[PDB]
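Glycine also receives a Cβ, built like all others from the backbone with ideal geometry; neighbour counts cover every protein chain displayed. Every number here is computed from the coordinates shown, using simple stated rules; none is lab data.
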Amino acid sequence: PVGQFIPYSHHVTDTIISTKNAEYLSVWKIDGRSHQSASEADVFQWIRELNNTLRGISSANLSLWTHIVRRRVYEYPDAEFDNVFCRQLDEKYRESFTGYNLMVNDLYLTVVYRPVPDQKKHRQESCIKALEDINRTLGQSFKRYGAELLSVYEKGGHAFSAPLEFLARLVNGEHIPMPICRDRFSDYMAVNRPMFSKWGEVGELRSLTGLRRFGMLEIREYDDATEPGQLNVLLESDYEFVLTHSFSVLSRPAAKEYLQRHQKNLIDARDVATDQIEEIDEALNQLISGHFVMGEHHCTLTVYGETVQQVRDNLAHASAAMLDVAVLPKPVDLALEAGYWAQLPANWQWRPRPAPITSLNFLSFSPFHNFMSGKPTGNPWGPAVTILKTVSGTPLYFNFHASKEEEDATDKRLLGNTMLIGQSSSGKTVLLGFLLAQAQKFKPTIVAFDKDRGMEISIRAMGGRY
Amino acid sequence: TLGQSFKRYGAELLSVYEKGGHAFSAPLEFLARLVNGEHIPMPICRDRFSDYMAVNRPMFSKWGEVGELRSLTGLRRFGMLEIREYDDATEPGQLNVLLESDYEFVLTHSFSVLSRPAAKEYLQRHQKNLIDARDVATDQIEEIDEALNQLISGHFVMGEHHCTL
Amino acid sequence: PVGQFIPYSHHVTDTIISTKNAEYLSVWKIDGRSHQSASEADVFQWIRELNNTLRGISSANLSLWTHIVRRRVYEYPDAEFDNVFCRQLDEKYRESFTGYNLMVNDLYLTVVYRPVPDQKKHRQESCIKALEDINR
């Protein structure tokens, strides 16, 4: 049955979805900062600032779910120019664009609250208020992260809800603009209901776009200190995965119980003391100060595609990079039948091995999105051009209108002015002509203020005057 | 003692690579190459390693004419030879013919040195097997006695061995 | 390579081989006299001569196993000449001699004497002398 293991029902606000068991949540789309264009001190500053942000964020049964999902973008349209040589440039570019493994990653952060007729109403209103201030604080905190709260796809026809749609890509793996219905929407999500084997080898997906098959990979035995950007190797990885970190914040009594458990596992181990309980009480004092806040965590990787063998190979590459980053993967048995549901933000019951972790060692995995522009589609216009050859990287999907520092956040449709910095005609001419050719998808009213034969041949070859 | 003996021999005791990055144990990677057939660097962990070598678990045919292994570069096939039939007058440079072999092979020699009463009982049993059957006049039964001489004199010790390519 | 109870050993000497059944053996390569160049009267003379050789051949548990084997020429190390005209001409000629069932036939003879802790030694030593005179 569908709606089993799926809790959601979009019945509270724009931004906050409910679950079928009294839990309330929202999602953030995150264009996280480029890990490549920074010093390591910048990385440590960012993780420290995030621990300051979550330091203010309490333990009131709160939980975060980060989702790192990479996808082949089929949504890039074909170019049409009504012009022959521009079409030749596009097609020569696209045969040059053969290869490049056209899957771009995306970063999502789900904020889930649990409250641990009129009484129900007052409880709901209070947690609405709390999560609203939480989201305001996060948006102020993520100002250099380009994050966007997802609620309000009205007027795209009639009132879509992009958060549910995002959860659809969790459960269906294809981008479906799910609409709003007068139903407890948990039954309405599982469009491609998957199948699981009797043995946990692989799972199957019955999509009308073709049958897919997915394999799962639990992650355990963590390096107790971490490199700050440790899991960044998978952003080049070629499998179209979804990677999920769960983190449910524990209480300070539960934290002290877990540090007592750490003592019972460490100095009440096999009569050995290897100086491991030295900073446990220091971390206790720091989480009393508010720093080392710990919570339950599991992480899971899920990779799908055709051809069960290729699923096995992508699991092999994934485990290889896991052993490269000194963390032990575990291929999943029949529990992946549960484990798929473990990807969901409100599915604590199906988490395989919730292990406690500090906030810093949690944040030392996630937030480092490699650069890729947020318009492969969905702009005020088409996407302009897929700039290829990010060095050891992905296609870029270049465009113009990107969000800025939001003083008078509307200001336009979206501001998109650009500036070139560099010597005269040192490739400047050919890229400017490339951008004019790609802009000729959209038939702009082009005014060109050139100095000295500034692509007069090309501009007149497109039918311009010059 | 080995480092003393291999001073003219370019050797290296492994397992010093730990805390490299975050503590890979060097020889396990070698053992990963022994099992998964790839340079899979194995970090240390808080668990018993026996369950963690098999990154690319090999498989075998139903007949045993070839094996298979979904390597990191894909599914490959393994052929294997076991050893019989020695040239007993051993040569110093016998297997140097495999140096130009264009096939990246694996050569496994084994040795488990048997103690002098064990080898003495073995040589007595082998001489007993030599004198058992008819048409056994090879005049090499006394080379078992020469083997007993060199064994109890301690110069050269037998041990159980198998070799496999 | 499971033995079918195949009687075999190398327990005698250089030129005589053994069995487990105490049977001792010798092999001869025969690149024999070409019958496609000779008269048939010569053939009758040769058969009469080898019949007289059989008259010199005893009945003391002797057995004779002749084998005639037709194998291909795969063991020929065919190679280049390091001479341009020769490497052209002879290799075009080896292509011009396109096989035509190129299979060498050879002929071999097996002499097995059978001698009907020192009893076996004296049996096989008498067999050594017997097979030596036979091979002579």
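Suppose only helical runs count, i.e. DSSP H with n ≥ 4. What mean residue ellipticity at 222 nm does that imply for chain A under -39500 (n - 2.57) per run, divided by all residues and rounded to the nearest 500 deg cm²/dmol?
Computed ellipticity for chain A at 222 nm equals -9000 deg cm²/dmol.
For A:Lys428, go through the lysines and keep the ones whose alpha-carbon is under 29 Å away, minus same-chain ones fewer than eight residues off.
Of all the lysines, those that pass the test against A:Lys428 - Cα under 29 Å, at least 8 places apart if same chain - are A:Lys92, A:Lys375, A:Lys389, A:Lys404, A:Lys412, A:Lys441, A:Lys443, A:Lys451.
Inverting the mean 1/r over all pairs of different Cα atoms, compute the Kirkwood radius of the protein assembly as shown and quote it in Å.
The answer is 34.8 Å.
Pop a pseudo-label 7 angstrom from the Cα along the beta-carbon direction at both B:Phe111 and A:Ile277 and give the gap in nm to one decimal.
Result: 4.9 nm between the two label points.
With springs only between Cα atoms under 10 Å, which of B:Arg57, B:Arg46, B:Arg116 fluctuates most in a Gaussian network model of chain B?
Of the options given, B:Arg46 has the highest mean-square fluctuation.
Give the average, rounded to an integer, of partner chain Cβ atoms located within 10 angstrom of each Cβ in A:315-328.
That works out to 5 on average.
Give, rounded to the nearest 20 debye, the magnitude of the charge dipole that the range A:81-181 has about its Cα centre when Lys and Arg contribute +1 at Cβ and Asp and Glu contribute -1 at Cβ.
So the magnitude is around 440 debye.
Quick one: which residues, 5 or more positions from A:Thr110 or on another chain, have an amide H under 5 Å from its amide H? H modelled 1.01 Å from N in the peptide plane, none for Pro or chain starts.
Residues meeting the amide H criterion: A:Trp28, A:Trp65, A:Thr66, A:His67.
Can you work out ³J(HN,Hα) from phi for every residue in the range A:244-251, in order, using Karplus 6.51 cos²θ - 1.76 cosθ + 1.60 and θ = phi - 60°, giving whole Hz and x for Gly and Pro?
Whole-Hz 3J(HN,Hα) from phi for the range A:244-251: 10, 10, 9, 8, 10, 6, 8, 6.
Can you list which of the GluC sites (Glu not before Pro) found in the range B:57-131 are DSSP loop residues with at most 14 other C-beta atoms within 10 Å?
Those satisfying the criteria are B:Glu65, B:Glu85, B:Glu104.
Can you give the local net charge around A:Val308? Use residues other than it whose beta-carbon is closer than 13 angstrom to its beta-carbon, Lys and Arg +1, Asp and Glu -1.
My count for the surroundings of A:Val308 gives 0.
Just to confirm my numbers, what's the Cα centroid distance between the range B:32-105 and the range C:64-81 in Å?
The range B:32-105 and the range C:64-81 have Cα centres spaced 36 Å from each other.
Among the listed pairs A:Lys20/A:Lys120; C:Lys20/C:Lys129; A:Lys29/A:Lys256; C:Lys29/C:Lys120; B:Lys128/C:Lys129; A:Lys198/A:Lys330, give every one whose C-alpha distance is greater than 24 Å.
A:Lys29/A:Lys256; C:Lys29/C:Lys120; B:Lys128/C:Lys129
Once fully extended, how much extra length lies between A:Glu406 and A:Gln119, figured as 0.36 nm per residue of separation less the alpha-carbon to alpha-carbon distance?
99.5 nm
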